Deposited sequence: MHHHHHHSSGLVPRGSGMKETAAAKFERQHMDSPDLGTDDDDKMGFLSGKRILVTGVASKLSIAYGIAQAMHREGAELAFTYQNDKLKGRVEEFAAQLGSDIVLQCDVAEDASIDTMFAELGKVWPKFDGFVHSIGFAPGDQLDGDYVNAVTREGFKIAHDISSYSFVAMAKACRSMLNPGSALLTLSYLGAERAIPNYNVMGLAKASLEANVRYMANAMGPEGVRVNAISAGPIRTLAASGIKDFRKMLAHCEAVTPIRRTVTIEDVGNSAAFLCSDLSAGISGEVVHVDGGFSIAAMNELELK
């Protein structure tokens, strides 16, 4: 399919429900050779099994909180893919207390720091560590959400981290474009209705197919873009 010839690193697979699992399935279906990271010992086996099902045995530890963990992961990847064609960043975190109740009362310096570090800084952290490894025609992809652009109850400091992430997409697109690298985001709708134009929530298949496109040469003209894959939800009001 339209990704044949392409080697893509997929982060953030934690289950069959993971957006990153929808994405990996779509990309494998389209001929991509895939590699996988897992955060910790808890997730290793699950990811190894998913990776084997998608014809891959590149399954590498990466905790994006640590610069050393990222560098080590890309050194391991280089033994088998001295060059590759980009990555899917489907990662973020905020401490649980951050994401419930009044935003101003919930947010703390430490919660803000972690949300921004894991959910925004890590995208460019990965880009920096693998920069010389990317072929011309490479594409990077991250996942965002409408809370970056609107104040959504409870989403709280993650809205700010996502806004930071979307700016990071633009700054990265601008920096790496001259070396033949594109950088985009998908702003996905919430994954499981009456107010969405298409009258349903998007599925990880929808998200996956858009992701496959944005990482393929089919999207050669698209960079620094946040594409809304939310069924039109964000463009409607008072439906």
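**Student:** Given the full deposited sequence, which segments carry no C-alpha coordinates?
**Tutor:** Those stretches are 1-44, 237-253, 301-305, listed in order.
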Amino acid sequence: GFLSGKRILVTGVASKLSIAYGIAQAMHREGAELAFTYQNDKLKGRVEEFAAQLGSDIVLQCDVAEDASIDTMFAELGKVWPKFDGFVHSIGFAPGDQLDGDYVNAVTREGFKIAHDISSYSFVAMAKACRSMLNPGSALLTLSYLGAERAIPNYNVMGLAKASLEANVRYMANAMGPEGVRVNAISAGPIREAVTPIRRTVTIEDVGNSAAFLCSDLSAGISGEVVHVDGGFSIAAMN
From here on, numbers count along this sequence of modelled residues.
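**Student:** Read off the CA B-factors in the entry, average them over 154-162 and over 126-134, and name the higher stretch.
**Tutor:** The recorded data point to 126-134.
**Student:** If you average the CA temperature factors as listed in the entry, which stretch comes out higher, 182-190 or 197-205?
**Tutor:** Per the PDB record, 197-205.
**Student:** By the CA temperature factor listed in this entry, which of these ranks top: 220, 9, 17, 227?
**Tutor:** In the PDB entry, the greatest C-alpha B-factor among 220, 9, 17, 227 is found at 17.
**Student:** Looking at the temperature factor on the CA atom of residue 214, which third of the chain's modelled residues does it land in?
**Tutor:** It falls in the bottom third of the chain.
**Student:** Comparing residue 81 with the other modelled residues of its chain, is its CA B-factor in the lowest, middle or highest third?
**Tutor:** It falls in the top third of the chain.
**Student:** Within this chain's modelled residues, let me know which third the CA B factor of residue 92 belongs to: lowest, middle or highest.
**Tutor:** CA B-factor rank for residue 92: middle third.
**Student:** Going by the CA temperature factor in the PDB record, which third of the chain does residue 28 belong to: lowest, middle or highest?
**Tutor:** Highest third.
**Student:** Taking only the Cα B-factors deposited for this chain, tell me whether residue 139 sits in the lowest, middle or highest third.
**Tutor:** Middle third by C-alpha B-factor.
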